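To keep things clear, I will list the structure first and then write my remarks on it.
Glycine also receives a Cβ, built like all others from the backbone with ideal geometry; neighbour counts cover every protein chain displayed. Taken together, the values in this text are just the output of simple stated rules run on the coordinates, not laboratory data.
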Amino acid sequence: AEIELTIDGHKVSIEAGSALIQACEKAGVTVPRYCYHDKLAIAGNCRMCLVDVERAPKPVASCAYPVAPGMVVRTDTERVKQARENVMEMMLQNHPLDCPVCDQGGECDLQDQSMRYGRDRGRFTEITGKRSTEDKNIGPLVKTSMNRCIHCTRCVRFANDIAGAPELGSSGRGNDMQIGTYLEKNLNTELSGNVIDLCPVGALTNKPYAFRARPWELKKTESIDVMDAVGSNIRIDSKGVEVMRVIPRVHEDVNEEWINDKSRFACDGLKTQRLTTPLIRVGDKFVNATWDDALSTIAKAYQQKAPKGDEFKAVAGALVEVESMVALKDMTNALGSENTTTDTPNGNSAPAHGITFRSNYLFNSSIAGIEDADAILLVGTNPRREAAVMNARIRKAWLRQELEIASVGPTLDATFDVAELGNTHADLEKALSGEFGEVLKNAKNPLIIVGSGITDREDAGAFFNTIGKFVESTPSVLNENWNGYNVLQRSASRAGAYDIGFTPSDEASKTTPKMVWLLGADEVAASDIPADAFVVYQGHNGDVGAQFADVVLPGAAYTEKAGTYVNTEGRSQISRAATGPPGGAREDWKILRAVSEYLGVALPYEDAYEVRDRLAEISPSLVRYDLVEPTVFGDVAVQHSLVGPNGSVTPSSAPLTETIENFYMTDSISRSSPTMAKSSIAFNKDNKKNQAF
Amino acid sequence: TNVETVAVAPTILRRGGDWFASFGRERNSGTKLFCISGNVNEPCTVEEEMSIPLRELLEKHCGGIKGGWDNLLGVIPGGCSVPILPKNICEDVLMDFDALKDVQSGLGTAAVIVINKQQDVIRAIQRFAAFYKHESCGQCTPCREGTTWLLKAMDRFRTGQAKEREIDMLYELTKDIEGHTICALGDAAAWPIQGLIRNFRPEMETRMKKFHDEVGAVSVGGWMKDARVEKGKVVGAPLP
Amino acid sequence: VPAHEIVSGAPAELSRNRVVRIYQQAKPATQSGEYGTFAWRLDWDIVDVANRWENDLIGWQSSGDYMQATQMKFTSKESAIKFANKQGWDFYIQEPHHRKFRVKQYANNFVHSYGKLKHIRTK
Amino acid sequence: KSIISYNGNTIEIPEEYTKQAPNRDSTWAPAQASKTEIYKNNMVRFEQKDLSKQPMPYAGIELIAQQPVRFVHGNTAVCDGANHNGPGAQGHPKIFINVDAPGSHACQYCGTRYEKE
Ligand code: SF4
Ligand code: SF4
Ligand code: SF4
Ligand code: FES
Ligand SMILES: [Zn+2]
C-alpha cells in the first residue's frame, strides 16, 4: 500500500518500496541525474542525485534509496548544493572540450546540468592534461566518440536487459574503464539505435545524421511510424523541405519509448528515388508528363480497355493511409468492380480469418496485454522482425515474471527462451493436444499469437480452424475478461484495410483484369499483372511497381500528410504532416478524387472534413483516435469466422517459412535507403562481426 | 567478516566473554595482532592488549625507531587508509579505536608504519595516492576521476611545481570525494592527503620554495612561462 | 462564444481554411529535463503549396505561409480551447501521453534465482 | 567542357573552370554541387561574365592531406592549433587525441594527424 513522506516540506504519498527519486518526481521536485532512467535498472554510479535525509548522516543517492514512512527529505540544503558542484567538477575534469563539434550540443544534459547545478568555471589546469580514449567501431548505425563517455552505463543496461544484446559491456578498471565490446564486434540488434537516445552525452551518435543539424533549428512534429504495424509514436525533426531525423516519443501502451532501427534510419530513403512528376510509358521508356496529360491517358485507357465489373483491380500496399484506401475503394466500387485486393501473397483471394468482426484479425489482447502474460504460443511468426518493440515487451515480461513461451514454425533467434514444437500444422495439432495445450488451459492470461504470414498461405484456413477449435474450448483463452487470440500484422495498412473491407469478392478472384491500379503496391510480381493490362502506379518512391507501370503518379509520403493508420491493436492513430510533398507530387486521396472525376464517377467528397465524415460512415472507430475498445462479439466471431468456414481446408505438408527474409528492406522507403542497404550488408549473420564465438 | 574476528571466536567462546573483556579498556577490549613495518630497527608481527601506548609498543617489540624517538617524523597507525600521526601525539596515544579516533585517525587493521626524519613524507603520501588510483574500481565518478586528479596534484607537490594556495585547493579536492562515493575506498583515498596537509603543510611550502628558487615560477596546474604545446606534446616544462 | 474573428483584423482564410493543433510538448527522448512539457502549444498545420520551396538564386527556403513560425503558449488546455473558439479557429486536441508509474528497487538487481538464470545482469 | 542543358543545347565551359577547386577536380561532400551542375542550373546569370575573376578558393582537404604526421611517444597527443607568434587565444579548444589504435588520428578541429611512436 501507499506510504507517506515529506520532500522539501511538501507531503507526498507513494507506493511502498519505490525509490526516492520516484517520490521526488511525483511531488514535483526536480532532482538532477545521469545514470538513472525510468526504463532501466537502477545503477547509482553517477552520484548526481544526492539528497539529505534526516535519518541518513551523509547524503544518499535518491535513485537507489527506498522510501520509508515518515521520511523527511531536503533537496535544497547547502550541503546538497555543494555536493552537486563537487560531482559536476569531478565529471567535467576529463570531459573533452568538444561542444562545437559534438552532435549532443544544445540538447545535452551534461551542458544543461553544468549550467543549472555546477560551478561557473573549472579549477582543473593540470599540465599532464586529460585522459583520452580509443574510438570503437560497432557498425554503421552508431558512431562513437568515447572521450565524451561519462560511464553512466545506460547503454550497457539497455543492450543487456532490454534488447538482449550482451556483446556490449565495460572492460578494464578504474580510470581506464571503457565501454565497448573488448574486440571488434558490431552492436547487432534491431533495437540498437535507441542507445543514441539513451546516451546522455555525444559518446553514441546517429552516424547518418552526423553534423547535419543543431536542435534549435529543427521543426518538431508528433506523428506515427509506418515501417511496421505497431504504430510507434514518433517525433519527426525536419528543417525546411527535408526530414532530418526520427526519434521516439512516449506511448506506454504501444512502444513505451523505443523504436526499431528501420523506423529510425529508413528516413534517408525519403530524399532519394522520389517520384516528383507524372510519368507515361512510351515504348520501353518513361517520359515526364503533366498531371492533365497523365489523368487523360488513364481515362483514355479506361475508355479503350472498357473493363466490365471486376476487370478493374485495385491493390493497396503496406504503407498507405486509410483515407487513400477508402477513396480508392469508393472509386473502384463506383466502377462496378469488387476487386479491391491487398498486396500480399494470395491477396487476390479473401483472408481465411474473415473480415466480419475486427477481433478476427487484430491483437485482441492489447499490446499492453503482453505485460500480463503467463504463457504464449507463437504460430508462424518471428516477432523480432515483424514487431521489434513488441518483442522487447515480451522479453521484459519474461525477465520479470515466470512465463512459458513456445512456437510452431521456423527456428527463431529469440531474446527469450522459446520452446520449439515443430514447423508444421501437424506439429500444431500435436501441441494444442499436448503439454503446451495443457499449459494454455491452466494459465491465467494466455495468448496465442498468429502471424500475418500464416494468413498468406493457401492452407491458412486449416490453421485458423485448429486454433479456432482450441479457442472455442479453452475458457482461459477466451472469456469475458480476457481474449487471448491474437493476429500480429506486419504492415501498417493491413488493419485499416480489413477495417474498411478492402477485400476481394469471391467472383473477383476469378477474373483476369484489364486495368490494375497499384496504391503503394511494391510487393507485386511479374506474374500478378497480365501482359495486356494497363497499370497505374501511385506512390512516393520508384522501386518495383513503378517499373511495372504504364502511368506513374507521384503521391505524398507518410511524413508529408496527416493520415490515419490502424495498428495491430485496432488503435486508430492520426499523424501530422512535417513537410509538404516534393516537386509536383500530391496528397493521394486528392489524386483519386481528380482521377474519378476524369472517369465519370467523381467521388462525393472534395475536402478533408468530408473525407473524415465518409470514414466515420465506413467504421466509427476510425475517427476515435488513440482509443482501444474491446469487442462484445468475441465468442460469436471465433465460431462464425475461424471454425465455421474453414472446415474443408486441407492442410499442406509444406513447413512454415520465415515471413520476412531481410528485416532491413521490406517496403519502398527502406529499399530506397542507403543506410538500410549498408546495414543489411553490415549486420548479416555470416559476418564474424555479428558472431560472439 | 574478517578472518581474525572469526578465528579468535572459538577461543573467546571457550574462555568466556568476561575474560576477553578483561583486556583493554571499555569498548576496546581484547587483544589484537599488531603488524609493525617501516623505519623501526626490527620489524615484527605480534599480538598485544588493546589500549597499549605506542611508545611502549615500539620500544618493546620492534627495537624502536631507527635513530631514536628524536628521529621520528610520523606514524600511520593502521594501514595506508588512515591519517598519519605526528611525532608528539604518539608519545601519549593508546592503540584503541577510541583514542585514535579522538586524535583524528583510526586503528584500521592495526598496521603500524613508522617514518623517520630521513624519509620524505610527501613521497610516501604520493605513493599512497598512486595506490588508490590503481585500486579504484571505476564505478562511481567522484572516486574514478578524483583519485586520478589527486595523483596528478601529488606528483606536482612532490617536486614543488605548484603554488601554495593550491594546497587549500587540494584539501577541497579531497572533500569532493569524501562522503560522495558508493563505497569507502573513496574516503580511504581522501584521508591520507588530509593527514599530510594538516601535519606537514610547512614541508610542502618548503618544497615549493625550493622549486621556485631552483627551477622557476609556476602557475596553477604546474605551468610556467616557457611552457606550451608543440607538435603533440607539452614542452618547456618538467611534466611530473 | 464571442466572434472576435471579425474584430481582430486577421485574414478570413485563417478562420475558414486553416486548422490548428493544441497539444503539450512530448518529453524529448534525448534529455531527462521536462521543463518544456507543461505548456499548451497552439500551432498551425502546414499548407501543401505554400509551406516551403527552394530559392533558385542562393538556395534559401522560401515560404508563403505567414503562420509557419507562430506558436502560442497557454497555461491550460481549456484556456487554449477558449482562445481558439474566440478566434473562430478549427482545432484538434492531441491528448498528452505520460509515463505509467511502476515501483523500482535497486535490490531487485540481486534477487536470488531458484532455477536457471534467464540472463546475466552485469552492472 | 561541353555540358548539355535542359534545353538540349550545349554550354561550353573551359576545362579549368569545371574543376571544383584549382587544387582538386572533384567534390568532397555528397551534398556539394559540382561546378558542372552549377553552370547547368545557373548559366543565365553567367552569360557575358568573366569566369577567371570569380572566387576560386583552394580546397582545404588536399592542403591538410599534404601536412606530415606528427609522431608522439605516449598514448595521447595534445592539440590546440595555437599561434606561438601572436598574443591572446588564437587556436582552437585544446583537445587530447588517443593514438593507441593503428594508423594516424586526426584532430577534430584542425585536421592535423598524430601517430604513436
Ligand atoms: S557531450 Fe555535451 S558537454 Fe560534452 S562535448 Fe558534447 S555537447 Fe559538450
Ligand atoms: S557511452 Fe553514453 S550511455 Fe554508454 S556509458 Fe558512456 S555515457 Fe553512458
Ligand atoms: S568509491 Fe568504491 S565503488 Fe566508487 S569507484 Fe571507488 S572503489 Fe569503485
Ligand atoms: S542518478 Fe542517482 S547516482 Fe546516478
Ligand atoms: Zn588541432
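Some observations on this one:
- Whenever a residue of segment C:1-17 is in contact (Cβ under 8 Å) with a residue 60 or more places away in the chain and surrounded by 10 or more Cβ atoms within 10 Å (Cβ to Cβ), its partners that are in a loop (DSSP other than H, G, I, E, B) and aromatic (F, W, Y), lying with C-beta atoms within less than 9 angstrom and at least six residues away or across chains, give the pairs C:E5/C:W89; C:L14/C:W89; C:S15/C:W89.
- Residue in segment B:185-202 that is away from ligand 2 (no atom under 16 Å from the Cβ) and assigned to a loop (DSSP other than H, G, I, E, B) present: no
Rundown of residues vs (1) within 24 Å of B:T174 (Cα to Cα); (2) in contact with a helix residue (DSSP H, G or I) (Cβ under 8 Å, 6 or more places away or on another chain); (3) within 16 Å of ligand 2 (Cβ to nearest atom); (4) not acidic (D, E), yes/no style:
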residue: A:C49; (1), (2), (3), (4): yes, yes, yes, yes
residue: A:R79; (1), (2), (3), (4): yes, no, no, yes
residue: A:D98; (1), (2), (3), (4): no, yes, yes, no
residue: A:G106; (1), (2), (3), (4): no, yes, no, yes
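- When restricted to residues that are closer than 23 Å to A:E89 by Cα, more than 16 Å from ligand 3 (Cβ to nearest atom) and not aromatic (F, W, Y), segment A:30-56 contains 7.
- Residue in segment C:66-84 that is among the β-branched types (V, I, T), exposed (fewer than 14 other Cβ atoms within 10 Å of the Cβ) and within 12 Å of another protein chain (Cβ to nearest Cβ) present: no
- Selection from segment B:59-85 of residues that are more than 30 Å from B:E178 (Cβ to Cβ) and surrounded by 21 or more Cβ atoms within 10 Å (Cβ to Cβ): B:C62, B:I65
For (1) of a type in the set (S, T, N, Q); (2) in a helix (DSSP H, G or I), each residue gets a yes or a no:
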| position | (1), (2) |
| --- | --- |
| B:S29 | yes, no |
| B:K32 | no, no |
| B:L58 | no, yes |
| B:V75 | no, no |
| B:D92 | no, no |
| B:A99 | no, yes |
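- Among (1) within 16 Å of ligand 3 (Cβ to nearest atom); (2) of a type outside the set (V, I, T); (3) more than 10 Å from chain C (Cβ to nearest Cβ) - the single one A:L92 does not satisfy: (1)
- Hits in segment A:131-162 (condition: in a loop (DSSP other than H, G, I, E, B) and in contact with a helix residue (DSSP H, G or I) (Cβ under 8 Å, 6 or more places away or on another chain)): A:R131, A:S132, A:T133, A:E134, A:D135, A:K136, A:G139, A:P140, A:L141, A:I150, A:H151
- Check on A:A210, more than 13 Å from chain C (Cβ to nearest Cβ) and buried (at least 24 other Cβ atoms within 10 Å of the Cβ): no
- Check on A:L295, in contact (Cβ under 8 Å) with a residue 40 or more places away in the chain, within 20 Å of the chain's Cα centre (by Cα), away from chain C (no Cβ under 14 Å) and outside any strand (DSSP E or B): no
- Check on A:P32, in contact with a helix residue (DSSP H, G or I) (Cβ under 7 Å, 6 or more places away or on another chain), away from ligand 2 (no atom under 15 Å from the Cβ) and in a loop (DSSP other than H, G, I, E, B): yes
- Residue match in segment A:304-316 (condition: in a strand (DSSP E or B), surrounded by 16 or more Cβ atoms within 10 Å (Cβ to Cβ) and among the β-branched types (V, I, T)): yes
- Residues of segment D:16-55 satisfying the condition of being surrounded by fewer than 15 Cβ atoms within 10 Å (Cβ to Cβ), closer than 22 Å to D:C110 by Cα and in contact with a helix residue (DSSP H, G or I) (Cβ under 9 Å, 6 or more places away or on another chain): D:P22, D:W28
- Residue count for segment A:162-200, restricted to those that are within 14 Å of chain B (Cβ to nearest Cβ) and within 25 Å of the chain's Cα centre (by Cα): 1.
- Every listed requirement among (1) closer than 30 Å to B:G232 by Cα; (2) surrounded by 14 or more Cβ atoms within 10 Å (Cβ to Cβ) is met by D:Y58 save one, (2).
- Considering the conditions (1) more than 8 Å from every other protein chain (Cβ to nearest Cβ); (2) more than 16 Å from ligand 5 (Cβ to nearest atom), A:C102 is excluded by exactly one of them, (2).
- Residue ID - nearest to the other protein chains (Cβ to nearest Cβ), chosen from residues in segment A:6-65 that are surrounded by fewer than 21 Cβ atoms within 10 Å (Cβ to Cβ) and among the polar types (S, T, N, Q): A:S18
- Some residue of segment A:592-601 being of a type outside the set (S, T, Y), surrounded by 24 or more Cβ atoms within 10 Å (Cβ to Cβ) and under 29 Å from A:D228 (Cβ atoms): yes
- Residue match in segment B:101-114 (condition: within 16 Å of ligand 3 (Cβ to nearest atom), more than 15 Å from the chain's Cα centre (by Cα) and in a helix (DSSP H, G or I)): no
- Of the residues examined, A:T6 is not one that is hydroxyl-bearing (S, T, Y), more than 27 Å from C:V111 (Cα to Cα) and within 16 Å of ligand 4 (Cβ to nearest atom).
- Single residue of segment B:134-187 satisfying the filter (more than 12 Å from ligand 3 (Cβ to nearest atom) and among the hydroxyl-bearing types (S, T, Y)) that is nearest to A:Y65 (Cα to Cα): B:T174
- Considering residues of segment B:127-177 that are within 21 Å of A:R148 (Cα to Cα), among the hydroxyl-bearing types (S, T, Y) and away from ligand 1 (no atom under 16 Å from the Cβ) only, the residue farthest from the other protein chains (Cβ to nearest Cβ): B:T147
Each row is one residue, and each column tells you yes or no for (1) more than 14 Å from chain C (Cβ to nearest Cβ); (2) within 22 Å of A:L270 (Cβ to Cβ); (3) not in a loop (DSSP other than H, G, I, E, B).
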{"residue": "A:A521", "(1), (2), (3)": "yes, yes, no"}
{"residue": "A:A525", "(1), (2), (3)": "yes, no, no"}
{"residue": "A:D543", "(1), (2), (3)": "yes, yes, no"}
{"residue": "A:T579", "(1), (2), (3)": "no, yes, no"}
{"residue": "A:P582", "(1), (2), (3)": "no, yes, no"}
{"residue": "A:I591", "(1), (2), (3)": "no, yes, yes"}
{"residue": "A:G600", "(1), (2), (3)": "yes, no, no"}
{"residue": "A:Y605", "(1), (2), (3)": "yes, no, no"}
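- Criterion (within 16 Å of ligand 2 (Cβ to nearest atom), under 30 Å from A:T125 (Cβ atoms) and either loosely packed, with under 14 Cβ neighbours inside 10 Å or not charged (D, E, K, R) (or both)) met by exactly one of D:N98, D:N75: D:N98
- Test result for A:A229, more than 16 Å from ligand 5 (Cβ to nearest atom), over 28 Å from B:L185 (Cα atoms), surrounded by fewer than 24 Cβ atoms within 10 Å (Cβ to Cβ) and of a type outside the set (V, I, T): no
- Boolean, A:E458 is in a helix (DSSP H, G or I) and over 13 Å from A:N360 (Cβ atoms): no
- Filtered residues of segment D:101-117 (kept if loosely packed, with under 15 Cβ neighbours inside 10 Å and either within 16 Å of ligand 4 (Cβ to nearest atom) or facing another protein chain (nearest Cβ under 9 Å) (or both)): D:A101
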